[PDB]
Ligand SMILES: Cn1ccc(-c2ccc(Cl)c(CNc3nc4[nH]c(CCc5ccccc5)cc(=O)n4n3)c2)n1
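Read the single chain below, which is given as structure tokens and is the form deposited without the ligand.
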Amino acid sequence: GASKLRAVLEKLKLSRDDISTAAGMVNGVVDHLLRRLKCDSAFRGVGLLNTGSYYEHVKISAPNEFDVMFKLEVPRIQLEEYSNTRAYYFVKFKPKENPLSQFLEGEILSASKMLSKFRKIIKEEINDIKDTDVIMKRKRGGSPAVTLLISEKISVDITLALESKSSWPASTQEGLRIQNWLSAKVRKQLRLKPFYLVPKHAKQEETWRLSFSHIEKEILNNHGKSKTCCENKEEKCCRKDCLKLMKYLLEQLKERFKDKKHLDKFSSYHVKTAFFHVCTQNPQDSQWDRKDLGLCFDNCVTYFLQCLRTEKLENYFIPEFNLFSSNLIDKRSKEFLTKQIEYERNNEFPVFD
């Protein structure tokens, strides 16, 4: 119900004072790390790309989780697709002229060699600061590479990335289906921007996975079919509101069933990816009228349920990369989430209060 849902969105609004505090802590530590990394021959060309919910303005409840990408401008990359996985590649170069040659294993760029020096440099620099601790972010395949905890309150996931300015790989050719929503001219402009490669095992070599975090952020902050969508109060859509509610639904279910582990692998990236597909299905701003919040939220819920039931959630940029494949998420986990979402919807989402 649009009124229950509005009340939920109000309780989810971030406090401006907390934003100021958290951003001050995060920026101070991040600036410290970039300064250090720029002094190193290997990470000379590093730069900051802020990613994810906080910088997309769909962070809910508290600004206590930040995603950060340290991207390296590298000479022209030559990619070799790993197996036929569409998203995972070996990185080669087209060595005297490049500072990453210390990480070559033959012609192949070693993600783990690069990750190891990156983590070592950050871990040493984090001891040089106070109220900040490193954790080597589990496996994660390598991305994020490290997780910082600042004064036991704010988490910073740091991802190492390579920036390529070459044309996007062929597996993206049919992705980013925004032509009838954001326009063909905007799709052409986005695909002229760089793409990123982050260190990531495929189910286990020296592979990198394609990343488009910067495009996802650009779409979210310029998200209407109308150029003026959300710029003035009389043209406010409920797109970001629906994404926030989807994220809260998943977060609340993962907390509710934290002792059962079925929901551990579902992520905000899944919810955001599904949301972009609903945007492609509903391209007009009038299909996201603020008066229709309950209806629009239900489109998001329904599409997400169809993804779970069919075990199919395409990466928005790489359509043959299935985020919900059996290899990645057990059927029983998808089944359990379906059951709980259907229950919640049938009972006016008790998990929201």
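Numbering starts at 1 and runs along the sequence shown.
- Count the deposited residues lacking coordinates between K139 and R140 and you get none at all.
- According to the entry, the deposited sequence has 4 to 9 residues without coordinates between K203 and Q204.
- Two stretches are in play, 42-50 and 310-318, and the higher mean C-alpha B-factor belongs to 42-50.
- Look at the C-alpha B-factors of 219-227 and of 85-93. On average they run higher in 85-93.
- As recorded in the entry, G106 carries the highest CA temperature factor of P169, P283, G175, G106.
- In this entry, the residue among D241, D259, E163, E251 with the greatest C-alpha B factor is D259.
- Among all modelled residues in its chain, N327 ranks in the highest third by Cα B-factor.
- In this PDB entry, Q287 carries a Cα temperature factor that places it within the middle third of its chain's modelled residues.
- When the modelled residues of the chain are ordered by C-alpha B-factor, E342 sits in the lowest third.
- For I135, the recorded CA B-factor ranks within the highest third of the chain. Only modelled residues enter the ranking.
- Sort the modelled residues of the chain by CA B factor and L210 lands in the lowest third.
There is another form of the same protein, the form solved in complex with the ligand; it is not shown, and what comes next is about it.
- Relative to the ligand in the bound PDB entry, residues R239, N282 and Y303 are all farther than 4.5 Å at every heavy atom.
- Contact annotation: of the candidates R191, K272, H262, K113, the single residue with a non-hydrogen atom within 4.5 angstroms of the ligand in the bound PDB entry is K272.
- Residue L210 is the only one of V91, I154, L100, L210 with a heavy atom lying within 4.5 Å of the ligand in the bound PDB entry.
- Per the 4.5 Å heavy atom criterion, the ligand in the bound PDB entry is contacted by stretch 320-328, the sole one of 38-46, 320-328, 303-311, 282-290.
- When contacts are judged by a 4.5 Å heavy atom cut-off, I215 counts as touching the ligand in the bound PDB entry.
- At least one heavy atom of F276 is located within 4.5 Å of the ligand in the bound PDB entry.
- Looking at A87, you'd find a heavy atom of it within 4.5 angstroms of the ligand in the bound PDB entry.
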